[PDB]
Amino acid sequence: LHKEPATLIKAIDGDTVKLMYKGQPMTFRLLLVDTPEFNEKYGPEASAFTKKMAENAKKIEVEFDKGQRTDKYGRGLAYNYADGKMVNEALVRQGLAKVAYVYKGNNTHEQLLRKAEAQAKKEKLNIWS
Ligand SMILES: Cc1cn([C@H]2C[C@H](OP(=O)(O)O)[C@@H](COP(=O)(O)O)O2)c(=O)[nH]c1=O
Ligand SMILES: [Ca+2]
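Under the working numbering, residues 1437 to 1565 are what the sequence shown spells out, in order.
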């Protein structure tokens, strides 16, 4: 896989963000994760976490997997990086997302993310508390 440039247009919530990619505005949905909706417990905290990570970044990147690049709602499906740190992994490691939506052929980072999840569960963080 390879990282490609993007810029932040606006934070949306824990697992979606509006980015400019190839010069066009798109909503991205983070691969392999599920954050609570803003209305649910830890939803606001997941939102804040990804808003801060994206807004403080000097360099946002997206990385597509081998499979589908957009979902049925037209959202881009990617791993999102903020100054080299994967947002998808960081959410899972902090117990603010669960590993989820693992579809065959878009699952390159699955085991990385499951190892973070095991760590967050051991530490009893957030969703695992
Ligand atoms: C993360 C992900 C979600 N989706 C679709 C499955 C879910 O369909 P349904 O809307 O029919 O439940 C929805 C979950 O996204 P959200 O968690 O953002 O709601 O998005 C994909 O198709 N591919 C993906 O990789
Ligand atoms: Ca969600």
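Yeah, the Cβ is synthetic: ideal placement off N, Cα and C, and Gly gets one too.
**Asked** Which class does residue 1569 belong to by DSSP, given the choice of helix, strand or coil?
**Response** This structure leaves residue 1569 out entirely; the chain is present only between 1437 and 1565.
Practice problem: Give a single yes or no on whether residue 1471 has its beta carbon closer than 6 Å to a heavy atom of ligand 2. | Solution: Yes, the beta carbon of residue 1471 sits closer than 6 Å to at least one heavy atom of ligand 2.
Can you tell me whether DSSP reads residue 1504 as helix, strand or coil? Coil at residue 1504, not helix or strand.
query: Nearest-angstrom Cα distance between residue 1558 and residue 1507?
result: Just so you know, the alpha carbons of residue 1558 and residue 1507 end up roughly 33 Å apart.
Nearest residue (CA-CA) to residue 1511, options 1457, 1531, 1438: Considering only alpha carbons, the answer is 1457.
To which residues of the same chain is residue 1489 closer than 8 Å at the C-beta, ignoring the five residues directly before and after it? The answer, listed in chain order, is 1518, 1521, 1523, 1526.
- Query: Is residue 1440 near residue 1498, with beta carbons less than 7 Å apart?
  - Reply: Yes.
Buried or exposed by the 16-neighbour rule on C-beta atoms within 10 Å, applied to residue 1503: With fewer than 16 other Cβ atoms inside 10 Å of its own Cβ, residue 1503 counts as exposed.
Local conformation of residue 1543 per DSSP, three classes: The answer is coil: DSSP assigns residue 1543 none of H, G, I, E or B.
Let me check understanding here. Comparing Cα to Cα, which of 1501, 1462, 1545 lies closest to residue 1509?
The residue among 1501, 1462, 1545 with its C-alpha nearest the C-alpha of residue 1509 is 1462.
Practice item. Report all residues from its chain with a CB closer than 6 Å to the CB of residue 1553; omit the five preceding and five following residues, and keep chain order. Key: Only residues of its own chain outside the window of five on either side were considered, and among them 1528, 1535 have a CB closer than 6 Å to the CB of residue 1553, listed in chain order.
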